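Protein chains: 2
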Amino acid sequence: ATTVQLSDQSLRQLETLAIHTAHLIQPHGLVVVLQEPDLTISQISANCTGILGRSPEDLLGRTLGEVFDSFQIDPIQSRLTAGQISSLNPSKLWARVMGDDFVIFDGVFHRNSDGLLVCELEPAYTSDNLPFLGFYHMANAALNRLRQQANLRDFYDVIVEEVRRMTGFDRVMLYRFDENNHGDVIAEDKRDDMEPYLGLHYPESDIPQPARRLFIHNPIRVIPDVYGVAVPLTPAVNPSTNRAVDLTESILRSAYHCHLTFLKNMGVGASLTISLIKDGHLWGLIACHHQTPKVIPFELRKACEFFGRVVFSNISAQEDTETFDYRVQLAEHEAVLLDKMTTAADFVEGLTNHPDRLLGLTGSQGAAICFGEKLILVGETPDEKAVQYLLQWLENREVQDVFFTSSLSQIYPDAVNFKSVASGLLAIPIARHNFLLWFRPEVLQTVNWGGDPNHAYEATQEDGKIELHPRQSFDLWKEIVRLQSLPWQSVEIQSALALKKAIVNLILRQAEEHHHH
Amino acid sequence: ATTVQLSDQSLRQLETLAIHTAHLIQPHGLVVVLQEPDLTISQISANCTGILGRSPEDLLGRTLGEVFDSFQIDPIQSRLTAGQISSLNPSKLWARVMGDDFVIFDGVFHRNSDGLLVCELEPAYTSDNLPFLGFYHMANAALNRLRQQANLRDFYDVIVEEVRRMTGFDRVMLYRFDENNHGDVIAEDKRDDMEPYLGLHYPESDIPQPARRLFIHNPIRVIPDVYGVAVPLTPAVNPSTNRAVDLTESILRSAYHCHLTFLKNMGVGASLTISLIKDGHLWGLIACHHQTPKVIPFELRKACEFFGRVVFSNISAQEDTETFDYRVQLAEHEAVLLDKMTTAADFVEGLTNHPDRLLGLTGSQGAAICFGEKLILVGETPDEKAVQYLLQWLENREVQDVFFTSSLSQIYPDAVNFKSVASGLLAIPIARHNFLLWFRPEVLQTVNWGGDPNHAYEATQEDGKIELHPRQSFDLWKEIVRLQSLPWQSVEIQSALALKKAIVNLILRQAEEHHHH
Ligand SMILES: *[C@H](C)[C@H]1/C(=C/c2[nH]c(/C=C3N=C(/C=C4\NC(=O)C(CC)=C4C)C(C)=C\3CCC(=O)O)c(CCC(=O)O)c2C)NC(=O)[C@@H]1C
Ligand SMILES: *[C@H](C)[C@H]1/C(=C/c2[nH]c(/C=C3N=C(/C=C4\NC(=O)C(CC)=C4C)C(C)=C\3CCC(=O)O)c(CCC(=O)O)c2C)NC(=O)[C@@H]1C
Ligand code: NA
Ligand code: NA
Ligand code: NA
Ligand code: NA
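First to last, the protein sequences are chains A and B.
According to the working numbering, the first sequence is numbered sequentially starting from 1024.
According to the working numbering, the second sequence is numbered sequentially starting from 1024.
Pasting the structure below:
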């Protein structure tokens, strides 16, 4: 009711939101919390009335066998084991309703963080319309081709194309988290009449810390009907804990209202989201949208997850391989320089005679060799005077092992005047008083924000309670990044460091030879 | 002095051995522990006398700058940062000894678990004989070929072949830890006149828990001279903690004596060991042996580690891809069965008409369909009577979601009589009273132990102290494993489970149709 300016309180409310203990359940399925070994129903979603014709009053304190028939759930005397649970997934359960009616579910069990058994019953449309056993062969062929020859981009595209082929989703995206946990849509496959989100960048707050954390424990989220009105667990608290049941790993947990409102604003009728995890860190999501409601049965979700994770394993290997390959390319430059340096009369002469190697060593476009009295400028550099003032600035600030920046202007303001040749600077001190410098030009870089980063959500405060809402503007923002070079890669800096080392060895060997001899 | 029978006390002594706080240092290099910001020497290895001509009495309490000249170690006012440290690695330091002498080191710094700065000085033979910049190109080409077409075995071989090419080691092995942390030598490249360890299996105690733990924190261990007599840190305790310095991440930490004795027994003069880590778990080691002493400088070790880890990243992807590919092959079998099952008059007829699909579904060689009154035997099975007794045994033991074993004889002893067709059994209950069974024959499997598993080391007790020694027998043992089938793979069990599910759906759909109609 009261429009609240975006605050520190509204941001730390967002990052601490207890979404995992929400008690609201998506209305197409039943959640039953079960006390072992009898499988006594201790909580049940209130949609049991409409689905089963039996109220929570009729069901709480009954055993699961009194409510459902099944083939595979026997009465056993101790708590269900992890292996037992995973083999129950999914299992057919059915109830006889009104009189002349089967209602058939596929049930999926898990034990939550506090040891409570949770059973989730999704309607079984036996096997009605979404095969993937055959589509697995097309997905496998696609992966096989990538493994023959591919860029990283080809892997991204295969994930989105094959998940969309298998599922029939109107839109499938690959969403990658960056260093600040902003998101980038790095691949997309969608209907031709839908607008592209490919290349769009989103604030960290769109998928906040509790949502990201959830995806580390729970690989898959599905919402088959965004407009489904959520129903409560009854009671809202678990009888044995007296507290809300932890639904981190729940299929049928209804999403936090603000995310639902976000999807509704976007015209999304159904979604499927699968996480890609590396070394316990959330790397990204396969994010699928449909414009209308859409059921994705458990086996199909698991097939998409299996394929996506096998492709992702191949993406890690591809990233590591490209890094190695680039290091090897740079090692050639290093080796040629060391060969010519130690062969020349004077080692600076060796360097100057091989400028494409010297520049190639760090992926750069200009360089300066400053040794003793001489200053040699190679490739595209600032003019001699500017380099001298820059050298002087580097000398006056306590000599690190290396200085590098991809936007020199914002720590050295006079660099605005040579932004077209040296927005980027890599400076290595050699024997204290000397320097090798490498230079890179401005490259304009555009961040295509999918919403306003400075107005990333909406907050209201009623009765002391802060409420948070998705942003109401659909405008796009492009941030045009200027005075910035391409970034320095770790292997380029290491290659530069390796040249420094080789020069230092030369100087020491020459000092040792003019002592001994 | 007193021969001690191998015990629980000697085994838990082995698993709790504090190797990381050993104060003995390999004699070719110096260790200095340094107090910041002055870099005051608080401990030093006692070989400083011979290497520098200066005793610990002369050095303790001096700053590093009083002892060594360098280009890159400046006096700075706060503790060295992680980025500063890693750029110092390696840095040239040199001392002037006797009078007319340089002694030159490459120094490598780290901050240990307790915040102490440790500097390790290995002699610099500038760049004297072991290039790898060029060999990186051959290693890269080898990796490139694997990525075009390869089995897992090809990846193992590339690691050992290229590390050996780059290093010149007499023997290079890939050592993989199994589920019990026994080791298997799964690849090897060695001089033709040396005996092969390829295919040998070793007890967990050969590389005990403290050694494995060390490799999670410290990727590389090197011992350039196994016969080098280790020298103490002086003092043996750090002045600021009053306790032994944690040398987990130390290059020059001398190995525990029993491992040295092991290497000496094996004729090893030098070693290099690089760990391969996945998801915080130690997967395996690249283990290199030379028959004589051998220096492997820091940069070469890091090059081997980088290559080995890039190949290992590709090995994870290959393992995931082969698993996926096998699941897809099995999914074809599943799909054909479901198609023929739902098309036949009766679904058992569908199964029986496609026996290569039914067997192929689980990688098995025989099967039994037991539904209601009929029992159909497919492929190589036990005789009808034996299958009936087995069915009866399965019925009497509370029905899991699945029973599988790769050695039926050791829980069902009468299975010894049909070991050639059903050493392995996969049994799935369907609708409670029915079963699908799959059968597999005995396949003899040999474990080539590299030493006696029942006498895996030697223990003595003198004066209350238990001492442990490497085993003294060089005999090999082969364990010939009998009455055992090939193991059931997870994807084969899942495929069988998927058939069960499909049959259950059929039965429910037929029960629903004969109710409604
Ligand atoms: C409202 C308070 C704020 C908010 C909160 C919020 N977000 C989520 C979860 C997700 N948000 C997304 C984001 C996107 N999906 C997309 O397709 C795109 C376009 C490329 C975006 C930006 C996604 C994928 C999730 C994961 C959940 C899912 O089912 O996919 C949570 C999670 C809530 C839950 O209960 O599970 C919350 C609380 N989001 C906003 O818009 C506001 C800033
Ligand atoms: C003596 C008490 C027991 C023992 C202890 C022990 N072992 C190690 C470390 C290693 N052992 C090996 C084992 C092998 N290397 C090989 O090439 C082969 C043949 C294939 C084997 C079996 C290896 C590779 C290591 C790692 C250390 C390394 O430098 O390579 C430790 C570690 C000690 C340390 O201080 O670092 C200890 C205490 N080993 C025995 O033989 C006895 C059972
Ligand atoms: Na019942
Ligand atoms: Na962009
Ligand atoms: Na000095
Ligand atoms: Na063997």
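Positions of the beta carbon are idealized from the N, C-alpha and C atoms, including for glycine.
Euclidean distance between Cα positions of residue i and residue j
i	j	result
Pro1050/A	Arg1199/A	31 Å
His1224/B	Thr1469/B	10 Å
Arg1244/B	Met1161/A	45 Å
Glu1372/B	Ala1358/B	16 Å
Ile1246/B	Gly1122/B	31 Å
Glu1465/A	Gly1389/A	13 Å
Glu1407/B	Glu1421/B	23 Å
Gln1423/B	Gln1107/A	7 Å
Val1334/B	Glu1211/A	30 Å
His1133/B	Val1090/B	19 Å
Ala1118/B	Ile1516/A	29 Å
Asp1348/A	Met1189/B	17 Å
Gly1395/A	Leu1459/A	12 Å
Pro1146/A	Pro1231/B	51 Å
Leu1275/A	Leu1283/A	14 Å
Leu1053/B	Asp1379/A	40 Å
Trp1461/B	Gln1433/B	18 Å
residue 1020/B	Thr1063/A	Any question about residue 1020/B goes unanswered here, given that chain B covers just 1024 to 1540.
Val1425/A	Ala1519/A	9 Å
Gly1383/A	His1356/A	7 Å
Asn1204/A	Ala1482/A	21 Å
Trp1511/A	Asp1201/A	17 Å
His1043/A	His1377/B	47 Å
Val1186/A	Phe1158/A	9 Å
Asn1261/B	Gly1206/B	36 Å
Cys1142/A	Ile1067/A	10 Å
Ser1273/B	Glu1184/A	49 Å
residue 983/B	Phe1192/B	Limits of chain B in this structure are 1024 at one end and 1540 at the other, which puts residue 983/B out of reach.
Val1195/B	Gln1341/B	22 Å
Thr1346/B	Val1514/B	8 Å
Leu1169/B	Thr1025/B	54 Å
Local Cβ density within 10 Å of residue i, reported as buried at 16 or more and exposed below that
i	result
residue 1612/B	Within the shown structure, residues of chain B are numbered from 1024 to 1540, placing residue 1612/B beyond reach of any answer.
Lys1115/B	buried
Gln1507/A	buried
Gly1447/A	buried
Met1217/A	exposed
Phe1497/B	exposed
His1539/A	exposed
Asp1180/B	buried
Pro1154/B	exposed
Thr1315/A	exposed
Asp1031/A	exposed
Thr1296/A	buried
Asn1419/A	exposed
Whole-Å CB distance - residue i paired with residue j, under 8 Å assumed
i	j	result
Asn1528/A	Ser1294/B	Not really, about 26 Å apart at Cβ, beyond 8 Å.
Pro1113/B	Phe1285/B	That pair is no contact at about 29 Å.
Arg1463/A	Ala1438/A	About 12 Å; that fails the 8 Å criterion.
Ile1048/A	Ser1228/A	Not a contact, Cβ separation roughly 26 Å.
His1046/B	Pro1255/B	5 Å
Cβ-heavy atom distance, residue i to ligand 7, below 7 Å
i	result
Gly1222/B	Absence of ligand 7 from the depicted structure is noted, with ligand 1, ligand 2, ligand 3, ligand 4, ligand 5 and ligand 6 being the only ligands included.
Requested in this report: Determine, using beta-carbon pairs with one atom in the segment 1325-1339 of chain B and one in the segment 1261-1281 of chain B, whether at least three such pairs fall under 8 Å.
Outcome: Note that the segment 1325-1339 of chain B does not touch the segment 1261-1281 of chain B; fewer than 3 beta-carbon pairs, one per stretch, sit closer than 8 Å.
Requested in this report: Could you tell me whether the segment 1387-1403 of chain A touches the segment 1024-1040 of chain B, using the rule of 3 or more Cβ pairs below 8 Å?
Outcome: Judged by pairs of C-beta atoms under 8 Å, the segment 1387-1403 of chain A does not touch the segment 1024-1040 of chain B, as fewer than three such pairs exist.
Query raised in the report: Three or more C-beta pairs closer than 8 Å, one from the segment 1064-1075 of chain A and one from the segment 1095-1104 of chain A: is that the case here?
Result: Put simply, the segment 1064-1075 of chain A does not touch the segment 1095-1104 of chain A. Fewer than three CB pairs are less than 8 Å apart.
**Report entry** Neighbourhood of ligand 3 [Cβ distance below 5 Å to any heavy atom], ordered by chain position
**Finding:** Here the residues come out as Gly1088/A, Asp1092/A.
Query raised in the report: Are there three or more Cβ pairs, one per stretch, closer than 8 Å when the segment 1438-1457 of chain B is compared with the segment 1482-1491 of chain B?
Result: By the Cβ criterion, the segment 1438-1457 of chain B is not in contact with the segment 1482-1491 of chain B, since fewer than three pairs of Cβ atoms, one from each stretch, lie closer than 8 Å.
Query - the segment 1307-1326 of chain B / the segment 1126-1142 of chain A touching (three or more Cβ pairs under 8 Å) - result: Taking 8 Å as the limit for Cβ pairs, the verdict is that the segment 1126-1142 of chain A does not touch the segment 1307-1326 of chain B.
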